[PDB]
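Below: one structure, written as structure tokens.
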Amino acid sequence: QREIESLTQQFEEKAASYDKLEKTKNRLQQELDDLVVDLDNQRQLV
Amino acid sequence: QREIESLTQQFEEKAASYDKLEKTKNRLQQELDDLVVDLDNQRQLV
Amino acid sequence: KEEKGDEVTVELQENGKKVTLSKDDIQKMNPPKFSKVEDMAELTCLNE
Amino acid sequence: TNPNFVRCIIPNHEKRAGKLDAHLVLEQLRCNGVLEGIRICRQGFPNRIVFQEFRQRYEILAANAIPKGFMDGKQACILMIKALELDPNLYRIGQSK
């Protein structure tokens with residue numbers, strides 16, 4: 001029972017950390033795409 | 001024992017997914033930094 | 001003001017009140033030139 | 001048919017002029033998916049034209065460069081696009097469009 005409780009706790013903590021990472025990853029992708037659009041526009045201007 | 005095995009499997013799979021996400025996060029940061037360096041030159045050129 | 005791990009310490013400009021947010025919560029400001037700008041497609045950075 | 005959307009936003013539920021609930025307009029804008037739509041609009045390529053139409057509409061700009069003899073019009077389009085010196089990120093050449 002101790003091992004079950006420990007494993008579920010570790011799984012929940014890992015899942016929470018994963019969820020946090022996933023959100024930041026998603027925003028980083030959006031920022032990257034928008035910066036690529038900006039860079040293409042600078043190339044066009046030049 | 002079934003529940004122990006299930007929890008360890010889920011934990012290992014979650015940890016593998018987390019490890020993969022960590023790699024992509026690291027690359028995204030590098031790409032962002034390099035794109036900022038690119039952008040910095042373009043403003044000066046314009 | 002400053003940053004710490006996954007978080008940022010900030011002061012609201014309307015009243016000077018201090019508060020801490022996640023680096024995922026806050027969004028980048030619209031520059032003065034883009035104030036009331038027409039087509040959303042023209043924005044320097046897409047922020048809700 | 002080809003639709004043209006014109007989206008309208010509720011400022012408040014008290015039917016009042018001037019007053020605006022930020023959370024109402026925020027969530028309406030979000031569920032309308034405009035923040036995602038505008039991203040693909042700028043990221044992709046919204047204009048598109050068939051190569052023969054592109055040549056017949058703009059050939060005047062490269063009439064000295066484009067050969068008179070019969071061939072795949074996309075070659076003539078490439079020559080014209082090169083004469084205009086367009087950045088290759090601003091367009092994409094398909095088999096027809």
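Cβ sites come from the backbone with ideal geometry, for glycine too, and all protein chains shown count toward neighbours. Coordinate-derived values only; no laboratory data.
Restricted to segment C:1-10, and to residues that are loosely packed, with under 10 Cβ neighbours inside 10 Å and part of a loop (DSSP other than H, G, I, E, B), which residue is nearest to the chain's Cα centre (by Cα)?
If we filter segment C:1-10 for residues that are loosely packed, with under 10 Cβ neighbours inside 10 Å, which is where we start, we get C:1-2, C:4-5.
Next cut, part of a loop (DSSP other than H, G, I, E, B) only: C:1, C:5.
Working: C:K1: 13, C:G5: 18 Å.
Ranking the candidates gives C:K1 first.
So which residues in segment D:48-68 are within 11 Å of D:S96 (Cα to Cα) and either assigned to a loop (DSSP other than H, G, I, E, B) or among the hydroxyl-bearing types (S, T, Y) (or both), if there are any at all?
D:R48, D:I49, D:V50
Here are some residues: C:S35, C:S22. Which one is surrounded by 10 or more Cβ atoms within 10 Å (Cβ to Cβ), of a type in the set (S, T, Y) and either more than 14 Å from chain D (Cβ to nearest Cβ) or in contact (Cβ under 8 Å) with a residue 24 or more places away in the chain (or both)?
Residue meeting the stated conditions: C:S22.
Just checking, how many residues over segment B:1-41 are more than 7 Å from every other protein chain (Cβ to nearest Cβ) and among the β-branched types (V, I, T)?
Matching residues across segment B:1-41 total 2.
This table checks each residue for (1) aromatic (F, W, Y); (2) in a helix (DSSP H, G or I); (3) surrounded by 16 or more Cβ atoms within 10 Å (Cβ to Cβ); (4) over 14 Å from the mean Cα position of the chain (by Cα).
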| position | (1), (2), (3), (4) |
| --- | --- |
| A:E3 | no, yes, no, yes |
| A:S6 | no, yes, no, yes |
| A:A16 | no, yes, no, no |
| A:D19 | no, yes, no, no |
| A:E22 | no, yes, no, no |
| A:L28 | no, yes, yes, no |
| A:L35 | no, yes, yes, yes |
| A:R43 | no, yes, no, yes |
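How about segment C:11-48: which of its residues are outside any loop (DSSP other than H, G, I, E, B), within 16 Å of A:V37 (Cβ to Cβ) and within 15 Å of the chain's Cα centre (by Cα)? Outline the logic, then answer.
Quick first cut of segment C:11-48, residues outside any loop (DSSP other than H, G, I, E, B) only: C:11, C:18-22, C:32-34, C:40-42.
Now narrow it down to the ones that are within 16 Å of A:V37 (Cβ to Cβ): C:34, C:40-42.
Selection gives C:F34 alone.
Just checking, does segment D:30-44 include any residue being of a type in the set (D, E) and either over 22 Å from C:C45 (Cα atoms) or surrounded by fewer than 10 Cβ atoms within 10 Å (Cβ to Cβ) (or both)?
There is no residue in segment D:30-44 that is of a type in the set (D, E) and either over 22 Å from C:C45 (Cα atoms) or surrounded by fewer than 10 Cβ atoms within 10 Å (Cβ to Cβ) (or both).
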